[PDB]
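Enquirer: once you've seen the sequence and the experimental structure below, I've got questions.
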Amino acid sequence: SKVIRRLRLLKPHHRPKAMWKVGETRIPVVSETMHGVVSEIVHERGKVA
Amino acid sequence: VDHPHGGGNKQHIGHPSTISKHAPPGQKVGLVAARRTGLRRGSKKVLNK
Amino acid sequence: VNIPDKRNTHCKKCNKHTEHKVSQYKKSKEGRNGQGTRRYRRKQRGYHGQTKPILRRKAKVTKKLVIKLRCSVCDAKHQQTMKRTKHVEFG
Amino acid sequence: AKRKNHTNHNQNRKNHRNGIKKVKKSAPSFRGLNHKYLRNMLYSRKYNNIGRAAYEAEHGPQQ
Amino acid sequence: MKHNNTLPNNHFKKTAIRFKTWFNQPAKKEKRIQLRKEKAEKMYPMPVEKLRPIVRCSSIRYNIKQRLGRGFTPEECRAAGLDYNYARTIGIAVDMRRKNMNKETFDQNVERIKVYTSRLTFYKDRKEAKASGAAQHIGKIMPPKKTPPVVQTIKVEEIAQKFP
RNA sequence: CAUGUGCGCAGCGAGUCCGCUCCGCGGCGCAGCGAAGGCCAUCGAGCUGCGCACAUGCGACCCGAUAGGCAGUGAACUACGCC
RNA sequence: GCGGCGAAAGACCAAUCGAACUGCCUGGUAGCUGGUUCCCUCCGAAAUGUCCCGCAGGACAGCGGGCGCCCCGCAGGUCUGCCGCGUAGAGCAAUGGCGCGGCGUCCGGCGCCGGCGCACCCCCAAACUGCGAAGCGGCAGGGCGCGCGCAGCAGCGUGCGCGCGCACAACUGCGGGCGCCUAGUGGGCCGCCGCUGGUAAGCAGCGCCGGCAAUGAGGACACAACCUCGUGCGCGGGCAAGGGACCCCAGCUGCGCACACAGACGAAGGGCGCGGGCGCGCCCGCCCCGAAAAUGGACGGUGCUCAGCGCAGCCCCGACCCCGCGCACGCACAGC
RNA sequence: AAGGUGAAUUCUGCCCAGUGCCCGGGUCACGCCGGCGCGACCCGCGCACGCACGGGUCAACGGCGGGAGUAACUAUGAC
RNA sequence: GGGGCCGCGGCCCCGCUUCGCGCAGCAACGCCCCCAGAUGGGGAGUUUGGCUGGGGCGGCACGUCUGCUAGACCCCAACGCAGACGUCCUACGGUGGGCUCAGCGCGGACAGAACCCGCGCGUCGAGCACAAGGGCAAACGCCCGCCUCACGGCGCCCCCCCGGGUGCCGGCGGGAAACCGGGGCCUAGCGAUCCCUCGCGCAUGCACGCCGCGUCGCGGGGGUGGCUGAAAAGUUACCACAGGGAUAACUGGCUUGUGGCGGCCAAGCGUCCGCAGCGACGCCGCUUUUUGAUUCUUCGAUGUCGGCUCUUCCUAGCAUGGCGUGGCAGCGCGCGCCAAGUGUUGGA
Ligand SMILES: [Mg+2]
Ligand SMILES: [Mg+2]
Ligand SMILES: [Mg+2]
Ligand SMILES: [Mg+2]
Ligand SMILES: [Mg+2]
Ligand SMILES: [Mg+2]
Ligand SMILES: [Mg+2]
Ligand SMILES: [Mg+2]
Ligand SMILES: [Mg+2]
Ligand SMILES: [Mg+2]
Ligand SMILES: [Mg+2]
Ligand SMILES: [Mg+2]
Ligand SMILES: [Mg+2]
Ligand SMILES: [Mg+2]
Ligand SMILES: [Mg+2]
Ligand SMILES: [Mg+2]
Ligand SMILES: [Mg+2]
Ligand SMILES: [Mg+2]
Ligand SMILES: [Mg+2]
Ligand SMILES: [Mg+2]
Ligand SMILES: [Mg+2]
Ligand SMILES: [Mg+2]
Ligand SMILES: [Mg+2]
Ligand SMILES: [Mg+2]
Ligand SMILES: [Mg+2]
Ligand SMILES: [Mg+2]
Ligand SMILES: [Mg+2]
Ligand SMILES: [Mg+2]
Ligand SMILES: [Mg+2]
Ligand SMILES: [Mg+2]
Ligand SMILES: [Mg+2]
Ligand SMILES: [Mg+2]
Ligand SMILES: [Mg+2]
Ligand SMILES: [Mg+2]
Ligand SMILES: [Mg+2]
Ligand SMILES: [Mg+2]
Ligand SMILES: [Mg+2]
Ligand SMILES: [Mg+2]
Ligand SMILES: [Mg+2]
Ligand SMILES: [Mg+2]
Ligand SMILES: [Mg+2]
Ligand SMILES: [Mg+2]
Ligand SMILES: [Mg+2]
Ligand SMILES: [Mg+2]
Ligand SMILES: [Zn+2]
């Protein structure tokens, strides 16, 4: 039989595009305490958060 | 040809949809390592053990 | 059937009529290193599947009875084919 | 498919085209003879014109 | 198959079976003769063949006969009085792997070298060689003569003496 | 075409066969039997070629599948996704 | 591309999709279908047996042809003789059924009724037989007689060697035996007689013989099989089957019978219809009723009422048959 | 991410035997080890996943029975 | 799961980092590699018999045996008839001796329909494992004694085998012996090559010895019942191809069971009264408008129901024309005859 759609969606051309991602959201690795200002609260495509 | 559930003359599964976790990919369709099935009706404590 | 344990019959080695102790012949297990056991074993190794037939339509519920005859004089061994039976006792 | 099972039609006509040939004549054979009789007949043929007592006087014990 | 016949052993089941035809066979023969003539003209005084030993054939089917061997052993060349490296410079073939097995094959080949070197005339260089006017030997040097075996005879009164 | 068998023809015949090659003690035959150890005749015309018929392998009297495989090419129609 | 893609239809993926297209393997394999190319001459089948994942196929055997060799007597036959069979018929005598009476120092019930017994009898039998055909089958019709040797067999013979002597065996026909190689065939069908299943069948399945297949020609109106009868190319004769009003070759003489758009599909049952016969009833011929299908129409047609149904006498026509002749071809060649 | 059902409303009963899934604690392969041997060997033992056994689970696959009597006529059968 | 994957420490456990890794972590495990189990229609190949009044389902004249079919040698077909076999038996085998069975009769305490015994008769009606047939009475049955011929080696025949028959040389048993016995009274009760296994071999290790580490020969056995012997589940209405009128699903043809129609007989019904009209029980036909049966034609295709439309034909006559009959007063109705000209509707 043909390949089921579950295996067929595992191929990497079905993943979401990288251009929708605003950036990697990592906690900064800091030696000393870092003081930041929240500059903007933005929306990412797909992400409700 | 499309699916393990892909059936005939009446829309039914036909075999247990709880599949093993050691199943081949292409067989892992439906409830893939189901400890139980059916409506829960209970606390987390009564169902997990 | 019921067979006696003892039977005076002709001994090929004695060339006499001597008493023979009677028991049933049962087939031994197949040895490890017969030429057909070896040839089948070398054929089975690898990715070859089942290279020989396995009979699946059996029909016979009996085997032919074979008696071992052991000479009390010679300690000679010889055999006799009797009829097919389901059951046999000695004595 | 279902067809004819058997006939003997044209078999007698076939069997008489080259005729019913007889048993073909041969040399007389010792096949089927009594063994004690055949053994003794050959002993009589072996010592045919010379007797056995004269034969074993020549060739020693013939057995 | 139908009738009484020997069972067929015809092996043309493979479609990869080739056929080697022999249409070059008369042409290769004239090429082979021409190269042999040109070899003889390249080595004008020197014989076209090496001197090869007489060896006995191997198995029990064939040890009744002798054939022409590959080369002489170095111990045969030494007993004949030659260094085997010198023996190759004159037209003698040398076999390093044949074993000196017995005195009869040894002494026959030692004599075979001695007869050969006695039959040689040397020349100074190539120009002296080509102008010699010496007829060169064509064919195998001292081949073993094939003969029907002569039947030896003894007297009948001597039969019990020789073979009791 | 190869290899057989049968028949016919041909040469020689206890021998026979030029055509691998620069020169077959290579094959078969002159005698078989047995798994073998062993036995060995009371004994027998073959060898080679040519031709036909026939058997078999080969595309195999000619033409014919649906299939199977190996290696490739296409998303200009159309399906979906993205820009 | 055993991949895609699919709001899912196995949809779509270049007019191609339940696995695209191109090239190759590849002239894939086919027990299946189709086709398979000159002439004459000589001969000429099988559709059966056994086995086979065998049933649309094979192999072996049988049958055909070709090639041989060998002189051994040969036969789809009759006669004579001896054995074999268990069918048709016949039989209830045993086995197994069928049925009533009759009989009774039998039993039961109330002289009767019922059982049982016996004897007669009845209807019977593919899986019954005290009998048993027609019909078939086997075998024999040639070597014998005497004598001598041999044997380990035997116990007083039997075989086998050898010699001498005798000798050609019912009828009729006639050359025969054996070997080698190879084809085709292995769906058969029909008739006769004998059957099996089936309500039956242009059904199905057998036996024997003959046919068709592969057999023309004549006659059947036409018509694989029926009848005659075989068949080179002609000529002459004579015929067969079948016919002899006209189609259409060939008919006349006499004796009957029948009237129904009959002859020209038919049953049980009928007919003061006619003709004969026997004792009003039967019998025999012909006729009538029973007797109704769908295109208009079929004794073959025309037609026929002596062209129908019967008979007798003489005759005639009619095949490639038979005979004779001639030629061709084949043969082992005064011929066939 | 994998499935089923297919808005709502009203509901979604019973069944874990079978099969499946899940969970938990006798049998089994090679190697190892051991015996034996001059060696090949041969002979044995130990064992995991699994099976087995025990348990869970049906909005997992699915499944969801008979026979008798019995009331103020009968009929029906609450029983 | 085991092994390989070259690290240190300490008590399989715990640290460690310097290997490795998806790398601030994990950590000498594991990745990885090598063997070995387990699972595995996710996938790959392939298979899924035949006979057959089409095929399927069913059943096996698919191997063997008996009686019949079978038509008087033998042979002889059908999804023909009636059955059977695949086992069973140390006796139910071998043999010797004796005996006579089934059944009937008449006697005999308890004792009865049926206990046991006796006498008389008793052609086989009994028994002989079983299916059937054949066979058999001082036996081929029953009983008892002694036995194990239910044996080895060579043959031969009937002959695919299976099975059986018959010899020879040994070895025996029973019997005084002749004799009999090579399993079962006879006819069924069984199985190739290769492989395995056992017994036996005056076999063998192709450079030579040795080691059962093997190989052979001979004879058994382990088995193919689809029984001359593949190792094998389905589905396809998405289907493909080669074909088949060798073969089904229409028509046609043969047949006519069934369907339809018509006769004959006359028990009986009909107030009386067989026949005004019916008509049982039976019997004889016809038809091809039903359905079967069959498989002859067609499968390189004859478009498969019904209707609509439109034409024609048959008569076994519904109406219309003429009649005969009545259990016909009239009216009507029944029955029958001749005649196929003209008709035979609209609707749920
Ligand atoms: Mg699937
Ligand atoms: Mg489904
Ligand atoms: Mg649904
Ligand atoms: Mg499944
Ligand atoms: Mg492996
Ligand atoms: Mg060829
Ligand atoms: Mg092709
Ligand atoms: Mg394939
Ligand atoms: Mg590809
Ligand atoms: Mg579909
Ligand atoms: Mg398209
Ligand atoms: Mg071709
Ligand atoms: Mg002819
Ligand atoms: Mg046939
Ligand atoms: Mg055909
Ligand atoms: Mg043949
Ligand atoms: Mg009879
Ligand atoms: Mg009779
Ligand atoms: Mg027919
Ligand atoms: Mg004719
Ligand atoms: Mg004709
Ligand atoms: Mg004609
Ligand atoms: Mg005339
Ligand atoms: Mg005229
Ligand atoms: Mg003529
Ligand atoms: Mg829906
Ligand atoms: Mg469960
Ligand atoms: Mg469980
Ligand atoms: Mg799988
Ligand atoms: Mg598959
Ligand atoms: Mg079939
Ligand atoms: Mg008979
Ligand atoms: Mg018995
Ligand atoms: Mg007995
Ligand atoms: Mg009896
Ligand atoms: Mg028997
Ligand atoms: Mg016997
Ligand atoms: Mg078969
Ligand atoms: Mg078979
Ligand atoms: Mg469907
Ligand atoms: Mg047909
Ligand atoms: Mg009818
Ligand atoms: Mg058409
Ligand atoms: Mg048409
Ligand atoms: Zn002994």
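Expert: Great, that's in hand. Numbers count the residues shown, from 1 in each chain, chains lettered A, B, ... in the order given. Ligands and ions are numbered 1, 2, ... in the order given.
Enquirer: what is the neighbour count of the residue in chain B positioned nearest to RNA strand H?
Expert: Closest contact between chain B and RNA strand H, by CB to the nearest atom of the strand, is at residue B:38 (2.5 Å). The way it works is simple: take the backbone N, C-alpha and C, and place the C-beta from them, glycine included. Using other CB atoms under 10 Å in any protein chain shown, residue B:38 has 6 other residues around it.
Enquirer: so who does it touch?
Expert: By CB atoms under 8 Å, 6 or more residues apart in numbering or on different chains, residue B:38 lies in contact with nothing.
Enquirer: in chain A, what residue lies closest to RNA strand G?
Expert: Closest point on chain A to RNA strand G, by CB to the nearest atom of the strand, is residue A:3, at 3.5 Å.
Enquirer: how much space separates that residue from residue B:1?
Expert: 10 Å (CB to CB, to the nearest Å).
Enquirer: ok, those two, which is more surrounded?
Expert: residue A:3 (13 against 7).
Enquirer: in this structure the more buried one contacts residue B:25, no?
Expert: No. Counting by CB atoms under 8 Å, residue A:3 sits too far from residue B:25 to count as a contact (9.8 Å).
Enquirer: helix, strand, or coil at residue E:107?
Expert: helix (DSSP: H, G, I helix; E, B strand; the rest coil).
Enquirer: can you report how many residues lie near it?
Expert: Counted by other CB under 10 Å, the residues lying close to residue E:107 total 12.
Enquirer: how close does it sit to residue E:80?
Expert: Using CB to CB, one gets 10 Å for the distance from residue E:107 to residue E:80.
Enquirer: okay, now residue E:127: neighbour count?
Expert: Residue E:127 has 9 nearby residues by other CB under 10 Å.
Enquirer: show me which residues of stretch D:4-17 are buried.
Expert: For stretch D:4-17, the neighbour count (16 or more other CB atoms under 10 Å in any protein chain shown) marks no residue as buried.
Enquirer: any residue of it touching RNA strand G?
Expert: Yes. For a cut-off given as CB under 7 Å from any atom of the strand, stretch D:4-17 has contacts with RNA strand G, namely D:4-17.
Enquirer: counting neighbours, what do you get for residue C:91?
Expert: For residue C:91, using other CB under 10 Å, the count is 8.
Enquirer: shouldn't it be in contact with residue C:5?
Expert: Yes. Under the criterion of CB under 8 Å, residue C:91 makes contact with residue C:5 at 5.0 Å.
Enquirer: doesn't residue E:116 fall inside a helix?
Expert: Yes. Applying three-state DSSP, one finds residue E:116 inside a helix.
Enquirer: ok, now which ones touch it?
Expert: Going by CB under 8 Å, 6+ apart, residue E:116 touches E:51, E:92, E:141, E:142.
Enquirer: what's the closest non-adjacent residue to the second one?
Expert: With CB to CB, 6 or more residues apart in numbering or on different chains as the measure, residue E:51 is the residue that lies nearest to residue E:92, at 4.7 Å, once sequence neighbours are left out.
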